[PDB]
Amino acid sequence: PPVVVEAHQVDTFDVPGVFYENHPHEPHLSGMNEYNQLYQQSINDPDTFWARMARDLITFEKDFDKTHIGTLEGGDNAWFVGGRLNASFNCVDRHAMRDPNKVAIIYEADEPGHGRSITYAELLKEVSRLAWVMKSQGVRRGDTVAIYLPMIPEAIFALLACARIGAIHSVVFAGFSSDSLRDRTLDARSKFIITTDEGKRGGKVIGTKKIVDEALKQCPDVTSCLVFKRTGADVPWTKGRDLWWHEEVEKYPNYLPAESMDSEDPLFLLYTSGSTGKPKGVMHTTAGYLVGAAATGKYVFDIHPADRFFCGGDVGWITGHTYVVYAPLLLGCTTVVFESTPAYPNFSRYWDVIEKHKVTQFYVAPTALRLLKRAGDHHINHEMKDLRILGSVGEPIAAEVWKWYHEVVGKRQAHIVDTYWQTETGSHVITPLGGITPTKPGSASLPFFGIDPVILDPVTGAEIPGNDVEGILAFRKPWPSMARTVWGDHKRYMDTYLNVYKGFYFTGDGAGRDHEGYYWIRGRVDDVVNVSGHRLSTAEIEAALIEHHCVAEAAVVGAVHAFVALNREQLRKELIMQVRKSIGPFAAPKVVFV
Ligand SMILES: CCCOP(=O)(O)OC[C@H]1O[C@@H](n2cnc3c(N)ncnc32)[C@H](O)[C@@H]1O
Ligand SMILES: [Mg+2]
């Protein structure tokens, strides 16, 4: 009888031998022996291991005094204390100083055959003069800055310009409604917001400026709204508040000094929905987050400086934060900013992009892979000679989809890396290491460096030791890129993550660890449901539906559904519009019951 039934008779797949033959460089680890050696040091002497890793990967303005203080139960963890650094220096300046004409960003626009490439020197200029705009409009170190931007390179300019002056960027997914944008801007107390006149995605127009205008009536602390002219459409304009990106940046110099930030100064807020109530502003600080981003970029995704890294995620979510922006730029390679969808103009789009730009690592969600698999294999007829790493994030990749990814997309030539992590962990925590770790379809494999996973009994909270076990997934030790608080609400941070099982970090996920020690993520044990790549609160959908006058009691379960007690076919459609106003289109239920 097998406790972890999903692993019954599943063999490990070695890295394809052709991966090493075709590799342009020498990979970072010699094999699984070195992983085990480094992993054991990361658990048994994290002070030594992470000091060396941080000093390898991150340039500090002032070296740090101590690797880590605090404990999980104390909720007081600090990493690289005494250090000083700047995230934009590490993502931009240090690379522009060595190789100014190296391409940092490839922008792939909604329409094929547009876009452009941006060098590290060009990125330094744009980050600098955008930072000048913010400084000139009164943004100071420690202020938050709301960002409501689509996938254009200007989004990277905005994150890194905020980091350059020590402002705390608070990115809001550009598909959120006015109410959601308002809620996040109010909670973050931002006085400055950055957006576009409109977005273009999949040939469709998104009225970003209109949505922002609606949200800002209820954000009177916002006194500046910088608008990037993406489409040039006539948009309403608020004199004295609104500013044109292109008019303002050209007033200011092409260089700006970077603020000397503490290791533990906040870098950003990322609002995420939890099991109960209002969105949590998950706060990441500076040094530990960047160290985790660079370490996983390097050792999980096998990133080398010449690589062309393509994450299909959106900057509005943590995957885009860590792997579109911070990790590849920290490591000095090229990152791809993709404005379109995998289906526009046709289902070949992902592969057209990878082929044209010779992408070396591609990172997407299984939801997109399932869509494309249903579309048919004739859409894929691309050499994609340099594609050696195929990443998957957000949900377990099913053996049927894993095989299609490995064979049809990767030509049995690429290593498939199923990365498990969350907004709160900053970077990958359970994952194979690209080009190193043997994999199992449907399994996230083994812990990353510094991650000490344990399986707990959900009721008694006790550790369940050894292999072939199942239960709650928790981590036993702090790690550098862990979220440090929930903005304005440290007690909620403690209660949610650290007080449930004292001494451990609670992921909210169930998991099994099979006879080989490989982990298999079972999904959320709480009321978080994943629909089409989004982390949505069933209570948030419940609260939205209830706000309608004819709805009394509302229940939402997970494709989310909604059984409500109140024409009955007319009301079924009217509740959807109420969700569209409270959250956004991507949170409307798939069926509405009465
Ligand atoms: C990392 C981007 C998604 O970040 P979020 O904070 O939005 O969601 C994290 C949650 O997604 C699932 N999850 C994430 N990665 C995996 C994964 N690879 N396998 C299974 N479930 C996964 C797990 O339930 C987890 O608690
Ligand atoms: Mg007002």
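For the numbers below, each heavy atom of this structure counts, side chains included, while hydrogens, waters and symmetry mates do not. All ligand and atom numbering here is 1-based and tracks the order in the structure. Position 1 is the first residue of the sequence, and the numbers go up from there.
Taking CD of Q413 as the reference point, atom NE2 of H406 lies at 10.0 Å (rounded to 0.5 Å).
Annotation for ligand 1: atoms under 4.0 Å from non-hydrogen atoms of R524 are 24 (O), 26 (O). The contact set between ligand 1 and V393, taken as ligand atoms under 4.0 Å from a residue heavy atom, comprises 1 (C), 2 (C). Below 4.0 Å from some heavy atom of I521 lie the following atoms of ligand 1, by number and element: 20 (C), 21 (N). Near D509, meaning under 4.0 Å from any of its heavy atoms, are these atoms of ligand 1: 23 (C), 24 (O), 25 (C), 26 (O).
The residue among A483, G394, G442 with a heavy atom at the shortest distance from atom 16 (C) of ligand 1 is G394. Of the candidates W421, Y420, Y323, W421 brings a heavy atom nearest to atom 1 (C) of ligand 1.
In this structure, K239 has no side chain to side chain contact (heavy atoms under 4.5 Å, CB included) partners at least two apart in sequence or on a different chain.
Using a 4.0 Å cut-off between heavy atoms, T272 makes no contact with ligand 1 at all. Heavy atoms of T319 found under 4.0 angstrom from ligand 1 belong exclusively to the side chain. The proximity of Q422 to ligand 1, defined as any non-hydrogen pair under 4.0 Å, involves the side chain as well as the backbone.
Checked against a 6.0 Å centroid threshold, the rings of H428 and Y363 count as neighbours.
Side-chain atoms of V4 and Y519, non-hydrogen and from C-beta on, never get closer than 4.5 Å to each other.
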